[PDB]
Every structure is written in structure tokens, then in C-alpha cells.
Amino acid sequence: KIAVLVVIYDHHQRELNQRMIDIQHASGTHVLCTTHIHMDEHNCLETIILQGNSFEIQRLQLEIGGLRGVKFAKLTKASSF
Amino acid sequence: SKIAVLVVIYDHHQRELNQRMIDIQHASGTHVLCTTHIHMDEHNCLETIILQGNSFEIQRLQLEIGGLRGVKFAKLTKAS
Amino acid sequence: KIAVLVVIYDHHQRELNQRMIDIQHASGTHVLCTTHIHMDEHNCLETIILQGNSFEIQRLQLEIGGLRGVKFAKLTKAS
Amino acid sequence: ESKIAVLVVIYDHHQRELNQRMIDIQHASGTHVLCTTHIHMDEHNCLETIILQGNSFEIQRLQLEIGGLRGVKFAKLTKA
Ligand code: NI
Ligand code: NI
Ligand code: NI
Ligand code: NI
């Protein structure tokens with residue numbers, strides 16, 4: 001079910017956005033959309049909203065967080081009434 | 001003055017709700033940098049609210065929003 | 001097919017965001033997501049991304065642009 | 001002075017170099033990108049809405065540069 005992955009990454013790191021986008025189109029999760037803002041000169045905050053099973057999400061998190069330049073990849077997950 | 005995301009799911013039919021949050025956030029003295037809304041279905045929205053301020057005002061905004069009639073879910077993510 | 005509605009609205013106007021949300025859930029179009037930023041003290045910029053047929057989109061535009069406080073609602077459409 | 005605009009792009013993310021090139025064009029641009037939202041339409045198509053801010057010439061120009069790129073399928077500018 002539905003979740004948000006909050007990522008903070010470098011900015012100065014190159015081909016990182018390209019590699020993140022690559023991962024998401026690849027992922028078995030359905031990534032509804034991602035928003036990015038500029039945190040400061042050196043840092044970027046990106047909020048990914050996705051749907052899927054708990055393995056596919058957990059995997060997509062380890063994948064992104066594993067990229068070099070991704071400083072931080074926390075995950076919020078919600079299930080139901 | 002740190003940054004955090006606030007993930008909320010709520011029923012948009014609880015009238016008063018949406019505007020009340022807008023009011024709580026203006027009051028807050030945390031600035032909402034930007035926000036992304038997803039209309040999940042007839043009765044459920046997901047907002048991700050990227051915001052910035054002192055860590056007490058952020059702690060508080062969650063405290064306030066989470067308890068509102070019509071808010072089903074509200075988790076805060078600190079950038080630290 | 002896919003499109004984006006860029007809306008600039010008041011901010012000081014009340015129950016406007018609540019009325020916008022209401023419309024979209026309502027719309028026959030499928031609204032994928034909407035992002036808002038603060039433009040200044042008095043103005044808000046909201047970018048709605050939606051999928052649907054050209055009548056449903058054209059309707060959703062007129063509906064939103066009609067609301068009081070919506071200063072401006074341009075539309076981008078792609079085949 | 002310094003106006004605001006949204007730039008809607010559709011592009012193929014498999015054209016490697018493309019994404020990074022746009023990041024570069026925008027840094028150079030001397031328009032500051034306030035924020036941006038990306039939707040993965042399918043295997044080969046992304047839609048970015050890029051909210052940005054700067055002098056109307058630099059904006060004009062960013063469209064002009066981005067629109068022409070190998071891999072960009074669509075690029076329309078909306079002035080505020
Ligand atoms: Ni506000
Ligand atoms: Ni909604
Ligand atoms: Ni940048
Ligand atoms: Ni994409």
C-alpha cells in the first residue's frame with residue numbers, strides 16, 4: 001500500500017538524478033510522483049510518493065539510499081482503515 | 001532552522017479541515033516550503049508538506065495537525 | 001491524454017484550496033498530483049498534472065479558473 | 001524585475017546525458033529553479049513541471065535551450 005520516501009542527496013554529484021530516475025522506472029513499485037526542492041547550495045530534498053508491496057518498497061529504499069551522494073533516505077508507510 | 005517533511009492523509013470532505021491546516025501552518029511559524037497532494041480516492045488525500053523552522057515549532061505542527069477531526073494519518077520526518 | 005494546469009491563486013482567499021481539491025476529486029479527469037509553492041506573501045502557484053479527454057480537461061480548467069481568488073489558470077496539453 | 005514561470009517538459013530518460021544536461025543548462029541559466037515535480041509516465045517518458053524564477057529573457061532562453069535537446073519530446077513555457 002501507499003508510502004513516501006524522503007531523500008536528501010548531494011546536488012554536486014553528477015548523474016545521480018539520472019540514476020534515481022532510472023531506478024524508479026525500473027522499480028516494481030508504482031511511483032506516482034516525485035518533488036524536489038533546493039535545500040541549500042549543496043543539498044537537495046526529494047520526496048517520492050509510491051504505491052506497492054512492502055518488499056518492493058523496502059528494496060527501492062535500499063537501492064536509492066545505496067547511491068553515492070544520497071545522504072539520507074527515510075521511509076513513511078501507511079496501510080488502512 | 002531545520003527542514004522536515006510532514007506526510008498527512010485526510011478526508012477532504014471534513015469541511016473546515018483543509019482551511020484549518022492552512023491556518024495552523026501560517027500560525028505555526030514554520031514556513032511551508034512547498035507541498036504535493038495526491039487524491040487517493042473519494043475520501044482520502046495524501047499531502048507531503050515540505051517545511052522549515054525551529055525543531056520545536058515542527059514538533060508542534062505535527063502535534064496540532066495529527067489530532068484534527070478528518071486527519072487519518074500524520075508522520076513527521078526530520079532532516080538531521 | 002496528458003496535461004498540466006498551471007494555476008495562480010490568492011492565498012488570502014479562504015476555503016479556496018478546499019474548493020479546488022473538491023473539484024478535482026469530482027472531475028472525470030484523473031488528477032495524478034498537484035504541487036503548490038508560495039510565490040510571494042499574497043500569491044500561490046499550483047501545478048496540476050492530470051490525464052483525460054479534452055472535454056473533461058477543458059471543463060476542469062473553466063471550473064477552477066471560475067473560482068473566486070483564482071487569478072489565472074493556463075493549460076498545457078500533449079498527445 | 002524577476003518574474004516566475006513553469007516549464008513543462010516531456011522527455012525520454014533513456015537518452016543518457018539528457019537529464020544531467022538539463023541540470024547543467026538550468027544552473028548556467030541564471031534562472032533559479034524554485035522546485036520541480038516529475039511524473040514517470042512510462043518506460044520511456046517523463047513529465048517534469050519545473051517552477052522557476054528569473055528575468056524574462058533568461059526564462060525565454062531556458063525554453064529555447066531545453067526544447068531543442070536530443071531526447072526532449074515536448075517543452076512549453078508558462079509565464080506568470
Ligand atoms: Ni501560506
Ligand atoms: Ni485530494
Ligand atoms: Ni540545482
Ligand atoms: Ni521518470
# chains A, B, ... in the order shown; residues from 1 in each chain; ligands from 1
>>> residues_around(residues="segment 19-25 of chain C", least_positions_apart="5", cutoff="12 Å", atoms="only C-alpha atoms", output="count of residues only")
51
>>> interface_residues(of="chain A", to="chain D", cutoff="8 Å", atoms="only C-alpha atoms", output="list in words")
residues 14, 15, 17, 18, 21, 22, 25, 31, 32, 33, 34, 35, 36, 37 and 38 of chain A
>>> closest_atom_pairs(of="chain A", to="ligand 3", cutoff="10 Å", atoms="only C-alpha atoms and all ligand atoms", output="JSON lines")
{"residue": "A:10", "atom": "CA", "partner": "ligand 3", "partner_atom_place_in_ligand_line": "1 (Ni)", "distance": 9.8}
{"residue": "A:11", "atom": "CA", "partner": "ligand 3", "partner_atom_place_in_ligand_line": "1 (Ni)", "distance": 6.2}
{"residue": "A:12", "atom": "CA", "partner": "ligand 3", "partner_atom_place_in_ligand_line": "1 (Ni)", "distance": 8.2}
{"residue": "A:36", "atom": "CA", "partner": "ligand 3", "partner_atom_place_in_ligand_line": "1 (Ni)", "distance": 9.8}
{"residue": "A:37", "atom": "CA", "partner": "ligand 3", "partner_atom_place_in_ligand_line": "1 (Ni)", "distance": 8.8}
{"residue": "A:38", "atom": "CA", "partner": "ligand 3", "partner_atom_place_in_ligand_line": "1 (Ni)", "distance": 6.7}
{"residue": "A:39", "atom": "CA", "partner": "ligand 3", "partner_atom_place_in_ligand_line": "1 (Ni)", "distance": 9.7}
{"residue": "A:40", "atom": "CA", "partner": "ligand 3", "partner_atom_place_in_ligand_line": "1 (Ni)", "distance": 9.3}
{"residue": "A:41", "atom": "CA", "partner": "ligand 3", "partner_atom_place_in_ligand_line": "1 (Ni)", "distance": 7.9}
{"residue": "A:42", "atom": "CA", "partner": "ligand 3", "partner_atom_place_in_ligand_line": "1 (Ni)", "distance": 8.6}
{"residue": "A:43", "atom": "CA", "partner": "ligand 3", "partner_atom_place_in_ligand_line": "1 (Ni)", "distance": 8.7}
{"residue": "A:44", "atom": "CA", "partner": "ligand 3", "partner_atom_place_in_ligand_line": "1 (Ni)", "distance": 7.9}
>>> write_last_selection(atoms="N, CA, C and O atoms", output="mmCIF file, in the first residue's frame")
data_model
loop_
_atom_site.group_PDB
_atom_site.id
_atom_site.type_symbol
_atom_site.label_atom_id
_atom_site.label_comp_id
_atom_site.auth_asym_id
_atom_site.auth_seq_id
_atom_site.Cartn_x
_atom_site.Cartn_y
_atom_site.Cartn_z
ATOM 1 N N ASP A 10 23.137 14.885 -2.646
ATOM 2 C CA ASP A 10 24.162 15.908 -2.812
ATOM 3 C C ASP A 10 23.724 17.093 -3.690
ATOM 4 O O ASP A 10 23.390 18.125 -3.132
ATOM 5 N N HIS A 11 23.715 16.981 -5.024
ATOM 6 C CA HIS A 11 23.436 18.148 -5.919
ATOM 7 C C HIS A 11 24.657 18.347 -6.796
ATOM 8 O O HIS A 11 24.565 18.474 -8.024
ATOM 9 N N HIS A 12 25.808 18.377 -6.142
ATOM 10 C CA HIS A 12 27.074 18.452 -6.813
ATOM 11 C C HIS A 12 27.383 17.104 -7.454
ATOM 12 O O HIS A 12 28.165 17.058 -8.383
ATOM 13 N N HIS A 36 11.106 17.743 -5.912
ATOM 14 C CA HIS A 36 12.431 18.148 -5.437
ATOM 15 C C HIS A 36 12.422 19.624 -5.146
ATOM 16 O O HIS A 36 11.890 20.405 -5.928
ATOM 17 N N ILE A 37 13.050 20.009 -4.050
ATOM 18 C CA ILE A 37 13.347 21.404 -3.806
ATOM 19 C C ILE A 37 14.841 21.553 -3.585
ATOM 20 O O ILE A 37 15.552 20.566 -3.360
ATOM 21 N N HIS A 38 15.319 22.792 -3.646
ATOM 22 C CA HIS A 38 16.704 23.090 -3.269
ATOM 23 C C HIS A 38 16.740 23.458 -1.789
ATOM 24 O O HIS A 38 16.157 24.466 -1.376
ATOM 25 N N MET A 39 17.430 22.627 -1.006
ATOM 26 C CA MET A 39 17.529 22.788 0.449
ATOM 27 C C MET A 39 18.459 23.941 0.759
ATOM 28 O O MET A 39 18.090 24.863 1.461
ATOM 29 N N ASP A 40 19.667 23.870 0.215
ATOM 30 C CA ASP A 40 20.648 24.962 0.265
ATOM 31 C C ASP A 40 21.521 24.944 -1.027
ATOM 32 O O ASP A 40 21.072 24.447 -2.068
ATOM 33 N N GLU A 41 22.728 25.509 -0.977
ATOM 34 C CA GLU A 41 23.647 25.484 -2.124
ATOM 35 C C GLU A 41 24.118 24.061 -2.429
ATOM 36 O O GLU A 41 24.268 23.686 -3.594
ATOM 37 N N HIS A 42 24.335 23.273 -1.378
ATOM 38 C CA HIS A 42 24.986 21.971 -1.506
ATOM 39 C C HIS A 42 24.055 20.766 -1.419
ATOM 40 O O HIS A 42 24.487 19.667 -1.720
ATOM 41 N N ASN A 43 22.799 20.965 -1.005
ATOM 42 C CA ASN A 43 21.870 19.844 -0.713
ATOM 43 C C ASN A 43 20.474 19.918 -1.348
ATOM 44 O O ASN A 43 19.891 20.979 -1.504
ATOM 45 N N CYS A 44 19.934 18.754 -1.676
ATOM 46 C CA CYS A 44 18.642 18.658 -2.320
ATOM 47 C C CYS A 44 17.710 17.719 -1.542
ATOM 48 O O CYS A 44 18.150 16.661 -1.073
#
>>> residues_around(residues="segment 59-65 of chain B", least_positions_apart="2", cutoff="10 Å", atoms="only C-alpha atoms", output="list in words")
residues 4, 6, 7, 8, 17, 20, 21, 24, 25, 27, 28, 29, 30, 54, 55, 56, 57, 67, 68, 69, 70, 71, 73, 74, 75, 76 and 78 of chain B
>>> write_last_selection(atoms="C-alpha atoms", output="PDB file, in the first residue's frame")
ATOM      1  CA  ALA B   4      11.232  18.391   7.594  1.00  0.00           C
ATOM      2  CA  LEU B   6       5.086  16.093   7.035  1.00  0.00           C
ATOM      3  CA  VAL B   7       3.089  13.285   5.400  1.00  0.00           C
ATOM      4  CA  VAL B   8      -0.657  13.614   6.047  1.00  0.00           C
ATOM      5  CA  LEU B  17     -10.213  20.663   7.704  1.00  0.00           C
ATOM      6  CA  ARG B  20      -7.811  24.782   9.285  1.00  0.00           C
ATOM      7  CA  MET B  21      -4.478  23.208   8.424  1.00  0.00           C
ATOM      8  CA  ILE B  24      -2.402  26.057  11.677  1.00  0.00           C
ATOM      9  CA  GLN B  25       0.643  26.279   9.322  1.00  0.00           C
ATOM     10  CA  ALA B  27       0.331  30.396  12.701  1.00  0.00           C
ATOM     11  CA  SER B  28       2.970  27.736  13.170  1.00  0.00           C
ATOM     12  CA  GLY B  29       5.949  29.939  12.488  1.00  0.00           C
ATOM     13  CA  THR B  30       7.238  27.152  10.383  1.00  0.00           C
ATOM     14  CA  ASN B  54      12.934  25.539  14.614  1.00  0.00           C
ATOM     15  CA  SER B  55      12.614  21.897  15.723  1.00  0.00           C
ATOM     16  CA  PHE B  56      10.103  22.833  18.431  1.00  0.00           C
ATOM     17  CA  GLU B  57       7.698  24.508  16.023  1.00  0.00           C
ATOM     18  CA  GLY B  67      -5.237  15.452  16.322  1.00  0.00           C
ATOM     19  CA  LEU B  68      -7.687  17.150  13.932  1.00  0.00           C
ATOM     20  CA  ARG B  69     -11.091  15.738  13.026  1.00  0.00           C
ATOM     21  CA  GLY B  70     -10.618  14.357   9.478  1.00  0.00           C
ATOM     22  CA  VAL B  71      -6.866  13.635   9.695  1.00  0.00           C
ATOM     23  CA  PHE B  73      -2.511   9.819   9.432  1.00  0.00           C
ATOM     24  CA  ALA B  74       0.323  12.247  10.156  1.00  0.00           C
ATOM     25  CA  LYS B  75       4.026  11.354  10.406  1.00  0.00           C
ATOM     26  CA  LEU B  76       6.898  13.826  10.587  1.00  0.00           C
ATOM     27  CA  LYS B  78      13.218  15.269  10.465  1.00  0.00           C
TER      28      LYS B  78
END
>>> closest_residue(among="D:78, D:63, D:51, D:71", to="chain B", atoms="only C-alpha atoms")
D:51
>>> residues_around(residues="residue 50 of chain A", least_positions_apart="4", cutoff="10 Å", atoms="only C-alpha atoms", output="list in words")
residues 1, 2, 3, 4, 5, 24, 29, 30, 31, 32, 33, 34, 57, 60 and 77 of chain A
>>> select_by_dssp(residues="segment 22-74 of chain B", states="strand (DSSP E or B)", output="JSON, numbers by chain")
{"B": [31, 32, 33, 34, 35, 36, 37, 38, 39, 40, 41, 44, 45, 46, 47, 48, 49, 50, 51, 52, 53, 71, 72, 73, 74]}
>>> atom_distance(atom1="atom CA of residue 74 of chain A", atom2="atom CA of residue 61 of chain A")
7.9 Å
>>> closest_residue(among="D:72, D:28, D:77, D:22", to="chain C", atoms="only C-alpha atoms")
D:77
>>> atom_distance(atom1="atom CA of residue 75 of chain C", atom2="atom CA of residue 9 of chain D")
13.4 Å
